[PDB]
Amino acid sequence: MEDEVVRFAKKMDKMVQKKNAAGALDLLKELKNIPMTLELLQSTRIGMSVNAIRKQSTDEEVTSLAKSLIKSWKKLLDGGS
């Protein structure tokens, strides 16, 4: 589970660098199936990648998926026990 997310982060990073993240859609849909934990988010930093991809999205589905991912992930970060 964790390395797969690290893989997505490294893949996504190249898309923001290329100023076209339309293709990130699939990588974002993949993340939607993984039970993300706060612990995983600290190690993977995937939330930062997805937030950047949300700006470089171009396709509305990508922005929508990234927006949906971060919506769930927020509670993990907003969880002070």
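Ideal geometry is used to build each Cβ from the backbone, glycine not excepted, and the neighbour counts take in all protein chains shown. None of the figures in this text is laboratory data; all of them are computed from the coordinates on show.
Have a look at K32, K19, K10, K14 and point out the one that is of a type in the set (K, R) and under 17 Å from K67 (Cβ atoms).
On inspection, the qualifying residue turns out to be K32.
Output the residues belonging to segment 31-44 that are surrounded by 15 or more Cβ atoms within 10 Å (Cβ to Cβ) and part of a helix (DSSP H, G or I).
Those that are surrounded by 15 or more Cβ atoms within 10 Å (Cβ to Cβ) and part of a helix (DSSP H, G or I): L31, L40, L41, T44.
So, in segment 7-29, exactly how many residues are under 18 Å from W73 (Cα atoms) and surrounded by 15 or more Cβ atoms within 10 Å (Cβ to Cβ)?
7
Could you grab the pairs with beta carbons closer than 6 Å, sequence gap of 6+ or different chains, first residue in segment 8-30 and over 10 Å from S49 (Cβ atoms), second one in a helix (DSSP H, G or I) and of a type in the set (D, E)?
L25/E61
List pairs: first in segment 54-71 and in a helix (DSSP H, G or I), second of a type in the set (S, T, Y), Cβ under 8 Å, 6+ apart or cross-chain?
Cβ pairs passing all conditions: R54/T63; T63/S57; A66/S57.
Given the criteria surrounded by 13 or more Cβ atoms within 10 Å (Cβ to Cβ), hydroxyl-bearing (S, T, Y), out of contact with any helix residue (DSSP H, G or I) (no Cβ under 8 Å at 6 or more places or on another chain) and more than 21 Å from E2 (Cβ to Cβ), does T58 qualify?
Numbers: surrounded by 13 or more Cβ atoms within 10 Å (Cβ to Cβ): yes; hydroxyl-bearing (S, T, Y): yes; out of contact with any helix residue (DSSP H, G or I) (no Cβ under 8 Å at 6 or more places or on another chain): yes; more than 21 Å from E2 (Cβ to Cβ): yes.
Here the answer is yes, as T58 does meet what is asked.
Working only within segment 72-81, note down all residues that are assigned to a helix (DSSP H, G or I) and among the charged types (D, E, K, R).
Residues satisfying the conditions are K74, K75.
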